[PDB]
2 protein chains.
Amino acid sequence: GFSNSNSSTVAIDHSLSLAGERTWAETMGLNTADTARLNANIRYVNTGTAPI
Amino acid sequence: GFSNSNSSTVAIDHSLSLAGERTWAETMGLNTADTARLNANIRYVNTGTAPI
């Protein structure tokens, strides 16, 4: 048997898409030369004999 | 044999997608003119004879 065939398919598509996104982000910047700041709590004591 | 034919396919799709993402990032900024800061620890010595 010898069979001959020829087809032609014509198509079309429509589409929707609803994309909802919630993004959480956190960042911690630092400078190695200026990491900390200081503060002293100090008093002055006179154990002498004359005031200054 | 002589066969004609004719088809028509009608289709529809619905879809969901749940995309969860965790992103890690790291950054190191630098300025070539201001790379380093200095600090000296020094003392003063008097080997002389009069005070100053």
# chains A, B, ... in the order shown; residues from 1 in each chain; ligands from 1
>>> calpha_fit_and_write(fixed="chain A", moving="chain B", output="PDB file with N, CA, C and O atoms, in the first residue's frame")
ATOM      1  N   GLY B   1       0.654  -1.261   0.074  1.00  0.00           N
ATOM      2  CA  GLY B   1      -0.124  -0.036   0.072  1.00  0.00           C
ATOM      3  C   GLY B   1       0.694   1.238   0.071  1.00  0.00           C
ATOM      4  O   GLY B   1       1.736   1.301   0.718  1.00  0.00           O
ATOM      5  N   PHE B   2       0.260   2.251  -0.669  1.00  0.00           N
ATOM      6  CA  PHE B   2       0.994   3.508  -0.795  1.00  0.00           C
ATOM      7  C   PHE B   2       0.091   4.680  -0.427  1.00  0.00           C
ATOM      8  O   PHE B   2      -0.708   5.128  -1.250  1.00  0.00           O
ATOM      9  N   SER B   3       0.253   5.212   0.785  1.00  0.00           N
ATOM     10  CA  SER B   3      -0.614   6.267   1.294  1.00  0.00           C
ATOM     11  C   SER B   3       0.156   7.576   1.405  1.00  0.00           C
ATOM     12  O   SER B   3       1.165   7.644   2.108  1.00  0.00           O
ATOM     13  N   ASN B   4      -0.317   8.607   0.713  1.00  0.00           N
ATOM     14  CA  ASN B   4       0.144   9.974   0.914  1.00  0.00           C
ATOM     15  C   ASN B   4      -0.864  10.696   1.797  1.00  0.00           C
ATOM     16  O   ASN B   4      -2.023  10.302   1.875  1.00  0.00           O
ATOM     17  N   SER B   5      -0.398  11.734   2.496  1.00  0.00           N
ATOM     18  CA  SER B   5      -1.276  12.557   3.321  1.00  0.00           C
ATOM     19  C   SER B   5      -0.664  13.935   3.566  1.00  0.00           C
ATOM     20  O   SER B   5       0.554  14.124   3.468  1.00  0.00           O
ATOM     21  N   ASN B   6      -1.536  14.900   3.887  1.00  0.00           N
ATOM     22  CA  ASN B   6      -1.183  16.313   4.013  1.00  0.00           C
ATOM     23  C   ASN B   6      -2.221  17.025   4.874  1.00  0.00           C
ATOM     24  O   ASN B   6      -3.382  17.129   4.481  1.00  0.00           O
ATOM     25  N   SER B   7      -1.762  17.596   5.987  1.00  0.00           N
ATOM     26  CA  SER B   7      -2.578  18.243   7.005  1.00  0.00           C
ATOM     27  C   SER B   7      -2.166  19.702   7.141  1.00  0.00           C
ATOM     28  O   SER B   7      -1.092  20.091   6.685  1.00  0.00           O
ATOM     29  N   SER B   8      -3.032  20.517   7.754  1.00  0.00           N
ATOM     30  CA  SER B   8      -2.705  21.913   8.053  1.00  0.00           C
ATOM     31  C   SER B   8      -3.542  22.412   9.224  1.00  0.00           C
ATOM     32  O   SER B   8      -4.742  22.653   9.067  1.00  0.00           O
ATOM     33  N   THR B   9      -2.879  22.669  10.353  1.00  0.00           N
ATOM     34  CA  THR B   9      -3.503  22.992  11.635  1.00  0.00           C
ATOM     35  C   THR B   9      -3.351  24.477  11.935  1.00  0.00           C
ATOM     36  O   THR B   9      -2.232  24.961  12.092  1.00  0.00           O
ATOM     37  N   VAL B  10      -4.468  25.189  12.073  1.00  0.00           N
ATOM     38  CA  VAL B  10      -4.454  26.628  12.316  1.00  0.00           C
ATOM     39  C   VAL B  10      -5.059  26.900  13.688  1.00  0.00           C
ATOM     40  O   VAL B  10      -6.202  26.517  13.951  1.00  0.00           O
ATOM     41  N   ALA B  11      -4.310  27.599  14.541  1.00  0.00           N
ATOM     42  CA  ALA B  11      -4.581  27.699  15.967  1.00  0.00           C
ATOM     43  C   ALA B  11      -4.473  29.143  16.446  1.00  0.00           C
ATOM     44  O   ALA B  11      -3.838  29.978  15.804  1.00  0.00           O
ATOM     45  N   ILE B  12      -5.081  29.425  17.602  1.00  0.00           N
ATOM     46  CA  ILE B  12      -5.014  30.749  18.225  1.00  0.00           C
ATOM     47  C   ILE B  12      -5.274  30.595  19.723  1.00  0.00           C
ATOM     48  O   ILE B  12      -5.996  29.690  20.150  1.00  0.00           O
ATOM     49  N   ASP B  13      -4.635  31.456  20.525  1.00  0.00           N
ATOM     50  CA  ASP B  13      -4.645  31.410  21.981  1.00  0.00           C
ATOM     51  C   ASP B  13      -4.816  32.817  22.543  1.00  0.00           C
ATOM     52  O   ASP B  13      -4.218  33.768  22.031  1.00  0.00           O
ATOM     53  N   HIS B  14      -5.578  32.938  23.633  1.00  0.00           N
ATOM     54  CA  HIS B  14      -5.595  34.128  24.481  1.00  0.00           C
ATOM     55  C   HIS B  14      -5.210  33.714  25.897  1.00  0.00           C
ATOM     56  O   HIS B  14      -5.365  32.548  26.261  1.00  0.00           O
ATOM     57  N   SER B  15      -4.695  34.652  26.697  1.00  0.00           N
ATOM     58  CA  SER B  15      -4.150  34.315  28.009  1.00  0.00           C
ATOM     59  C   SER B  15      -4.233  35.492  28.975  1.00  0.00           C
ATOM     60  O   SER B  15      -4.038  36.640  28.567  1.00  0.00           O
ATOM     61  N   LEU B  16      -4.507  35.206  30.250  1.00  0.00           N
ATOM     62  CA  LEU B  16      -4.367  36.165  31.342  1.00  0.00           C
ATOM     63  C   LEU B  16      -3.336  35.650  32.344  1.00  0.00           C
ATOM     64  O   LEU B  16      -2.948  34.480  32.294  1.00  0.00           O
ATOM     65  N   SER B  17      -2.841  36.544  33.204  1.00  0.00           N
ATOM     66  CA  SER B  17      -1.937  36.191  34.300  1.00  0.00           C
ATOM     67  C   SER B  17      -2.040  37.242  35.396  1.00  0.00           C
ATOM     68  O   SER B  17      -1.878  38.432  35.123  1.00  0.00           O
ATOM     69  N   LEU B  18      -2.302  36.814  36.627  1.00  0.00           N
ATOM     70  CA  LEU B  18      -2.397  37.716  37.771  1.00  0.00           C
ATOM     71  C   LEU B  18      -1.343  37.333  38.802  1.00  0.00           C
ATOM     72  O   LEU B  18      -1.522  36.353  39.528  1.00  0.00           O
ATOM     73  N   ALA B  19      -0.296  38.145  38.924  1.00  0.00           N
ATOM     74  CA  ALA B  19       0.866  37.824  39.745  1.00  0.00           C
ATOM     75  C   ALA B  19       0.932  38.766  40.937  1.00  0.00           C
ATOM     76  O   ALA B  19       1.225  39.952  40.775  1.00  0.00           O
ATOM     77  N   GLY B  20       0.692  38.239  42.130  1.00  0.00           N
ATOM     78  CA  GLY B  20       0.768  39.017  43.360  1.00  0.00           C
ATOM     79  C   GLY B  20       1.982  38.601  44.169  1.00  0.00           C
ATOM     80  O   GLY B  20       2.196  37.415  44.408  1.00  0.00           O
ATOM     81  N   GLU B  21       2.756  39.589  44.614  1.00  0.00           N
ATOM     82  CA  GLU B  21       4.042  39.340  45.243  1.00  0.00           C
ATOM     83  C   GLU B  21       4.211  40.209  46.477  1.00  0.00           C
ATOM     84  O   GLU B  21       3.937  41.412  46.436  1.00  0.00           O
ATOM     85  N   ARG B  22       4.682  39.601  47.563  1.00  0.00           N
ATOM     86  CA  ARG B  22       5.028  40.320  48.783  1.00  0.00           C
ATOM     87  C   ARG B  22       6.480  40.018  49.119  1.00  0.00           C
ATOM     88  O   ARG B  22       6.864  38.852  49.262  1.00  0.00           O
ATOM     89  N   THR B  23       7.279  41.071  49.230  1.00  0.00           N
ATOM     90  CA  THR B  23       8.719  40.989  49.375  1.00  0.00           C
ATOM     91  C   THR B  23       9.145  41.597  50.702  1.00  0.00           C
ATOM     92  O   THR B  23       8.815  42.752  50.995  1.00  0.00           O
ATOM     93  N   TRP B  24       9.878  40.824  51.492  1.00  0.00           N
ATOM     94  CA  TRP B  24      10.471  41.305  52.727  1.00  0.00           C
ATOM     95  C   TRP B  24      11.983  41.359  52.582  1.00  0.00           C
ATOM     96  O   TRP B  24      12.591  40.434  52.043  1.00  0.00           O
ATOM     97  N   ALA B  25      12.591  42.436  53.074  1.00  0.00           N
ATOM     98  CA  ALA B  25      14.020  42.640  52.903  1.00  0.00           C
ATOM     99  C   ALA B  25      14.607  43.297  54.142  1.00  0.00           C
ATOM    100  O   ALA B  25      13.961  44.121  54.789  1.00  0.00           O
ATOM    101  N   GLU B  26      15.857  42.949  54.442  1.00  0.00           N
ATOM    102  CA  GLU B  26      16.553  43.471  55.607  1.00  0.00           C
ATOM    103  C   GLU B  26      18.026  43.645  55.273  1.00  0.00           C
ATOM    104  O   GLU B  26      18.621  42.795  54.607  1.00  0.00           O
ATOM    105  N   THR B  27      18.608  44.746  55.741  1.00  0.00           N
ATOM    106  CA  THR B  27      19.969  45.119  55.393  1.00  0.00           C
ATOM    107  C   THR B  27      20.654  45.696  56.621  1.00  0.00           C
ATOM    108  O   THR B  27      20.056  46.483  57.357  1.00  0.00           O
ATOM    109  N   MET B  28      21.908  45.304  56.846  1.00  0.00           N
ATOM    110  CA  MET B  28      22.698  45.805  57.969  1.00  0.00           C
ATOM    111  C   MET B  28      24.038  46.303  57.442  1.00  0.00           C
ATOM    112  O   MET B  28      24.932  45.504  57.149  1.00  0.00           O
ATOM    113  N   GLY B  29      24.172  47.618  57.316  1.00  0.00           N
ATOM    114  CA  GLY B  29      25.421  48.217  56.916  1.00  0.00           C
ATOM    115  C   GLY B  29      26.305  48.574  58.099  1.00  0.00           C
ATOM    116  O   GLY B  29      25.830  48.889  59.198  1.00  0.00           O
ATOM    117  N   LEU B  30      27.607  48.555  57.832  1.00  0.00           N
ATOM    118  CA  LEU B  30      28.638  48.731  58.839  1.00  0.00           C
ATOM    119  C   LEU B  30      29.867  49.327  58.171  1.00  0.00           C
ATOM    120  O   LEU B  30      30.110  49.098  56.987  1.00  0.00           O
ATOM    121  N   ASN B  31      30.634  50.098  58.936  1.00  0.00           N
ATOM    122  CA  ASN B  31      31.945  50.569  58.510  1.00  0.00           C
ATOM    123  C   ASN B  31      32.948  50.125  59.557  1.00  0.00           C
ATOM    124  O   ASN B  31      32.797  50.452  60.737  1.00  0.00           O
ATOM    125  N   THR B  32      33.981  49.404  59.116  1.00  0.00           N
ATOM    126  CA  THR B  32      34.939  48.792  60.030  1.00  0.00           C
ATOM    127  C   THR B  32      35.793  49.807  60.765  1.00  0.00           C
ATOM    128  O   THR B  32      36.331  49.489  61.829  1.00  0.00           O
ATOM    129  N   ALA B  33      35.921  51.015  60.238  1.00  0.00           N
ATOM    130  CA  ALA B  33      36.707  52.027  60.915  1.00  0.00           C
ATOM    131  C   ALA B  33      35.908  52.785  61.959  1.00  0.00           C
ATOM    132  O   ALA B  33      36.500  53.364  62.874  1.00  0.00           O
ATOM    133  N   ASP B  34      34.586  52.767  61.864  1.00  0.00           N
ATOM    134  CA  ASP B  34      33.714  53.559  62.722  1.00  0.00           C
ATOM    135  C   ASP B  34      32.625  52.673  63.301  1.00  0.00           C
ATOM    136  O   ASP B  34      31.431  52.933  63.165  1.00  0.00           O
ATOM    137  N   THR B  35      33.035  51.570  63.918  1.00  0.00           N
ATOM    138  CA  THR B  35      32.055  50.628  64.439  1.00  0.00           C
ATOM    139  C   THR B  35      31.371  51.156  65.690  1.00  0.00           C
ATOM    140  O   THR B  35      30.152  51.015  65.840  1.00  0.00           O
ATOM    141  N   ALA B  36      32.123  51.768  66.596  1.00  0.00           N
ATOM    142  CA  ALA B  36      31.579  52.085  67.903  1.00  0.00           C
ATOM    143  C   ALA B  36      31.867  53.527  68.282  1.00  0.00           C
ATOM    144  O   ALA B  36      32.843  54.130  67.839  1.00  0.00           O
ATOM    145  N   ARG B  37      30.995  54.060  69.128  1.00  0.00           N
ATOM    146  CA  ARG B  37      31.159  55.373  69.727  1.00  0.00           C
ATOM    147  C   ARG B  37      31.134  55.232  71.238  1.00  0.00           C
ATOM    148  O   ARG B  37      30.359  54.441  71.784  1.00  0.00           O
ATOM    149  N   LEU B  38      31.984  55.997  71.902  1.00  0.00           N
ATOM    150  CA  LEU B  38      32.182  55.851  73.333  1.00  0.00           C
ATOM    151  C   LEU B  38      31.579  57.007  74.115  1.00  0.00           C
ATOM    152  O   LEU B  38      31.356  58.100  73.591  1.00  0.00           O
ATOM    153  N   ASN B  39      31.325  56.744  75.394  1.00  0.00           N
ATOM    154  CA  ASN B  39      30.875  57.777  76.317  1.00  0.00           C
ATOM    155  C   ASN B  39      31.249  57.359  77.729  1.00  0.00           C
ATOM    156  O   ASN B  39      30.875  56.274  78.181  1.00  0.00           O
ATOM    157  N   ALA B  40      31.979  58.221  78.421  1.00  0.00           N
ATOM    158  CA  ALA B  40      32.458  57.950  79.766  1.00  0.00           C
ATOM    159  C   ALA B  40      31.607  58.681  80.789  1.00  0.00           C
ATOM    160  O   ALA B  40      31.165  59.807  80.548  1.00  0.00           O
ATOM    161  N   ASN B  41      31.391  58.044  81.937  1.00  0.00           N
ATOM    162  CA  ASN B  41      30.758  58.689  83.078  1.00  0.00           C
ATOM    163  C   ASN B  41      31.787  58.800  84.188  1.00  0.00           C
ATOM    164  O   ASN B  41      32.202  57.787  84.760  1.00  0.00           O
ATOM    165  N   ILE B  42      32.198  60.028  84.484  1.00  0.00           N
ATOM    166  CA  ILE B  42      33.369  60.273  85.313  1.00  0.00           C
ATOM    167  C   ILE B  42      33.078  61.332  86.362  1.00  0.00           C
ATOM    168  O   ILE B  42      32.192  62.177  86.199  1.00  0.00           O
ATOM    169  N   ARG B  43      33.857  61.289  87.441  1.00  0.00           N
ATOM    170  CA  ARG B  43      33.821  62.304  88.479  1.00  0.00           C
ATOM    171  C   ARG B  43      35.216  62.847  88.728  1.00  0.00           C
ATOM    172  O   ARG B  43      36.224  62.261  88.331  1.00  0.00           O
ATOM    173  N   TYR B  44      35.246  63.982  89.405  1.00  0.00           N
ATOM    174  CA  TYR B  44      36.469  64.661  89.781  1.00  0.00           C
ATOM    175  C   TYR B  44      36.587  64.620  91.292  1.00  0.00           C
ATOM    176  O   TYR B  44      35.614  64.875  92.000  1.00  0.00           O
ATOM    177  N   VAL B  45      37.770  64.281  91.785  1.00  0.00           N
ATOM    178  CA  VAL B  45      38.004  64.108  93.211  1.00  0.00           C
ATOM    179  C   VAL B  45      39.159  65.009  93.605  1.00  0.00           C
ATOM    180  O   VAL B  45      40.208  64.991  92.953  1.00  0.00           O
ATOM    181  N   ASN B  46      38.983  65.787  94.670  1.00  0.00           N
ATOM    182  CA  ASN B  46      40.107  66.537  95.220  1.00  0.00           C
ATOM    183  C   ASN B  46      40.469  65.934  96.562  1.00  0.00           C
ATOM    184  O   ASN B  46      39.719  66.065  97.532  1.00  0.00           O
ATOM    185  N   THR B  47      41.623  65.290  96.617  1.00  0.00           N
ATOM    186  CA  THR B  47      42.182  64.830  97.870  1.00  0.00           C
ATOM    187  C   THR B  47      43.269  65.752  98.384  1.00  0.00           C
ATOM    188  O   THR B  47      43.904  65.441  99.393  1.00  0.00           O
ATOM    189  N   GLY B  48      43.496  66.877  97.722  1.00  0.00           N
ATOM    190  CA  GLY B  48      44.549  67.793  98.109  1.00  0.00           C
ATOM    191  C   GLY B  48      44.188  68.675  99.280  1.00  0.00           C
ATOM    192  O   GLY B  48      43.390  68.314 100.151  1.00  0.00           O
ATOM    193  N   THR B  49      44.808  69.847  99.312  1.00  0.00           N
ATOM    194  CA  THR B  49      44.632  70.811 100.385  1.00  0.00           C
ATOM    195  C   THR B  49      44.247  72.194  99.904  1.00  0.00           C
ATOM    196  O   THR B  49      43.535  72.905 100.615  1.00  0.00           O
ATOM    197  N   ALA B  50      44.694  72.592  98.736  1.00  0.00           N
ATOM    198  CA  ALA B  50      44.234  73.839  98.174  1.00  0.00           C
ATOM    199  C   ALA B  50      43.182  73.561  97.114  1.00  0.00           C
ATOM    200  O   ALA B  50      43.224  72.519  96.457  1.00  0.00           O
ATOM    201  N   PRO B  51      42.205  74.439  96.943  1.00  0.00           N
ATOM    202  CA  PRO B  51      41.269  74.281  95.832  1.00  0.00           C
ATOM    203  C   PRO B  51      41.912  74.687  94.522  1.00  0.00           C
ATOM    204  O   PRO B  51      42.900  75.420  94.480  1.00  0.00           O
ATOM    205  N   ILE B  52      41.335  74.186  93.440  1.00  0.00           N
ATOM    206  CA  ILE B  52      41.815  74.440  92.091  1.00  0.00           C
ATOM    207  C   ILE B  52      40.637  74.905  91.253  1.00  0.00           C
ATOM    208  O   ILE B  52      39.521  74.391  91.399  1.00  0.00           O
TER     209      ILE B  52
END
